[PDB]
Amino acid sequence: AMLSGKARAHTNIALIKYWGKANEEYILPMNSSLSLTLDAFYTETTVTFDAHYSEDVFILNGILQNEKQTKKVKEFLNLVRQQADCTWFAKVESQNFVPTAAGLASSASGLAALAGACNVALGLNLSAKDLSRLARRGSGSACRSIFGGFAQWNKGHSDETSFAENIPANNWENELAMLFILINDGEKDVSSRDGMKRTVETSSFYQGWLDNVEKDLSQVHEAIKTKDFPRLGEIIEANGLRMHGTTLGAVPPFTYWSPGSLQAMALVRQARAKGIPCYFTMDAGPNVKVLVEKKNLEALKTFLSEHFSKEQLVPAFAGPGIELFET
């Protein structure tokens, strides 16, 4: 009386940010978002549901996770057990090939992989659309890691209509790269979930964010259709700066940036000034991601090595959607 399943999902980095939930229970977002799934960082997860288990167990990077660290996995397991009428405790064994809780989207790859493993184990036979909807319930960004390359999370207006899909770009995504500047791989002070809730509920800047996100998304789409790299980069750099601006208007205000974040951002502007087209974005933490055409990646890593070590510059290319495995 045992059901098991496995999946691999890659991280994604948001080009147009998701920031703030319209519905906290179902993770319905205030705005639509768009990301690039990457090849460098991924999560591998197996789940086992077994009548003989006596409690839910979460093992991450070979390390048993404590009650606080398991609370959310347990929330996702409860949700999927209701969606199957399954009453069995589960064992979740996951390995993050990506720093955890550091602004490098380990919740995207991690909850996507768990959703996929659960889909397999409980024989749910979900379409990609419906697997995206389930992953959304664990972490918003995870619903986009179901797909490769460019993916859009349509905010919709209900559990049924909020989900992601691939954005065809006539192969453009394979002509691009993202260079991670690792300022700090440690666990971050304010979680993505808590930070965006504080922003929604208290930031005087949040309406400004909302009033600009759809225009940014439209221009990202026009840029894709024309493979206009400077236009893409200007939109996404400003979109990320606008998102981080919102936390300075929260009550109390806060920032995800660290000193090295600003150093890296300024350096990206120097690189542009000195003839390397590239644009930075930051998800919810201090690390800096630099969008750059593949042909300029080595140029950029060398430029940036003047201030960061080899261990701090990690390149990445477009990556695949989720991979399921019956075991």
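Between two forms, the rigid core is defined as the largest C-alpha subset superposing within 1.5 Å. The first residue of the sequence shown is number 1, and the count goes up from there.
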Q | Stretch farther from the shown model on average in 7 other deposited structures of this protein, with CA RMS computed after core superposition (305-313, 8-16) | A | 305-313
Q. When the core is superposed, where do the C-alphas shift more in 7 other deposited structures of this protein: in 69-77 or in 115-123?
A. 69-77
Q) Would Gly156 be found without coordinates in at least a third of the other compared entries? A) no
Q) Is it true that at least a third of the other compared entries have no coordinates for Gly103? A) yes
Q: Name the higher of the two by mean Cα B-factor in the PDB entry, 237-245 versus 123-131.
A: 123-131
Q: Identify the stretch, either 165-173 or 112-120, whose C-alpha atoms have the larger mean B-factor according to the entry.
A: 165-173
Q) Per the entry, which of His10, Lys21, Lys17, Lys310 tops the list for Cα B factor? A) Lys310
**Q.** From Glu187, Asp159, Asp194, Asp211, residue of greatest CA B-factor
**A.** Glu187
(Q) By the recorded C-alpha temperature factor, relative to the other modelled residues in its chain, which third is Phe58 in? (A) lowest
Q. Against its chain's modelled residues, does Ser145's Cα B factor rank lowest, middle or highest third?
A. middle
Q: Grab the CA temperature factor for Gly5 from the record and place it in the lowest, middle or highest third of its chain.
A: highest
Q: Using the B-factor values recorded in the entry, state whether the Cα atom of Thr202 falls in the lowest, middle or highest third among the modelled residues of its chain.
A: lowest
Q | Third of the chain, ranked by Cα B-factor, where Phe280 sits | A | lowest
